[PDB]
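In: model this:
(chains A and B, ligands or ions: 1)
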Amino acid sequence: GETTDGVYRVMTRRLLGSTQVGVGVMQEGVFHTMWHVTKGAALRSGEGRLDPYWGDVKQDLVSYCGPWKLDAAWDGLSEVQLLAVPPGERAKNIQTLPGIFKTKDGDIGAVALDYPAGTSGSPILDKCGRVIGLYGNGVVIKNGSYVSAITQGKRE
Amino acid sequence: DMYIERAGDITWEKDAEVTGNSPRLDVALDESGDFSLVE
Ligand SMILES: COc1cc(-c2ccccc2C(=O)Nc2cnn(C)c2)ccn1
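Out: Numbering: from 1, shown residues only, chains lettered A, B, ... in the order given. Shown next is the protein structure:
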């Protein structure tokens, strides 16, 4: 099937019509999304069957057909872009300066852009085009806008 | 039974729309992978 490096929608037919449940990244023969999108299930790519390879509910990540390949980081200074892929709408770059999730284990990048839940797994990029993490796992603040992390995996 | 469809190339766009704020938030991460606001 399709293995071209790039960005993809995650769809289901199990509900009314064709529903977009999230987004992921294809890089070096491996597909990357968030755990809450697929819950570890197998995916189809036309006549192809993508099997889960690695997943961790706490990180809220999962890779298909091989180990996690993305190992770029928000450098804490430079702006970024959410390559938002919203349900039934064209891919759109949005440029933002991320804020910070302070936790007991350390500090994480955060973006306060409210897209529908089916946008989960859209990639966040640095100025060289490198994927520094995925969108869709954070918190809703008083303001009603969701704040998502910059969720990034460890390459082995 | 979930399937994937290509949506684009992964590229930095010069003069993309620039937006969103940069909040510093105290959060906790539970074993279920849910973030919550501390205070
Ligand atoms: C009441 O909360 C929300 C969140 C969202 C939302 C918006 C943008 C991206 C992602 C989500 C999202 O659902 N995240 C997420 C992580 N883990 N689980 C299980 C779900 C939209 C509506 N309401």
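
In: Spit out the contact partners of residue A:82.
Out: When contacts are counted by CB atoms under 8 Å, 6 or more residues apart in numbering or on different chains, residue A:82 touches A:93, A:94, A:96, A:111, A:113, A:115, A:122, A:124, A:135. For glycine as for every other residue, the C-beta is placed from the backbone atoms N, C-alpha and C.

In: what sits against residue A:19?
Out: With contacts defined as CB under 8 Å, 6+ apart, residue A:19 is in contact with A:11, A:12, A:13, A:87, A:118.

In: Also residue A:109?
Out: A:74, A:76, A:80, A:98, A:99, A:100, A:101, A:124, A:132, A:133, A:149, A:150.

In: Out of those, the closest to the ligand would be?
Out: residue A:149 (9.7 Å; CB to the nearest ligand atom).

In: Mind listing the residues bridging to that closest one?
Out: residue A:110 (DSSP bridges).

In: Next, count neighbours for it.
Out: Neighbour count of residue A:149, defined by other CB atoms under 10 Å in any protein chain shown: 25.

In: cool, and residue A:43?
Out: Going by other CB under 10 Å, the residues that sit close to residue A:43 add up to 24.

In: isn't residue A:111 right up against residue A:98?
Out: Yes - counting by CB atoms under 8 Å, residue A:111 touches residue A:98, with 5.2 Å between them.

In: Now do the shared contacts for those two.
Out: With CB under 8 Å, 6+ apart, residue A:111 and residue A:98 have common neighbours A:80, A:124, A:150.

In: Around the last one, how many other residues sit close by?
Out: Burial of residue A:150, expressed as a neighbour count using other CB under 10 Å, amounts to 22.

In: what's the nearest residue to it if we skip its chain neighbours?
Out: What sits nearest to residue A:150 in space, not counting adjacent residues and going by CB to CB, 6 or more residues apart in numbering or on different chains, is residue A:109, at 3.3 Å.

In: try residue B:31
Out: residue A:58 (6.2 Å).

In: residues touching residue 24, list them.
Out: All of this refers to chain A. Counting by CB under 8 Å, 6+ apart, residue A:24 touches A:7, A:8, A:10, A:31, A:32, A:33, A:37, A:121, A:134, B:4.

In: oops, chain B please
Out: So residue B:24 contacts A:99, A:100, A:102 (CB under 8 Å, 6+ apart).

In: and what of residue A:95?
Out: Going by CB under 8 Å, 6+ apart, the list of residues near residue A:95 reads A:79, A:80, A:81, B:16, B:17, B:18, B:19.

In: Identify all residues paired with it through a beta bridge.
Out: residue A:81, residue B:18.

In: And for the one 4 residues further on?
Out: In this structure, residue A:99 has the following beta-bridge partners (DSSP bridges): residue A:110.

In: Measure how buried residue A:23 is and give me the count.
Out: The burial count for residue A:23: 30, using other CB under 10 Å.

In: What of the one 5 residues further on?
Out: With neighbours defined by other CB under 10 Å, the count for residue A:28 comes to 11.
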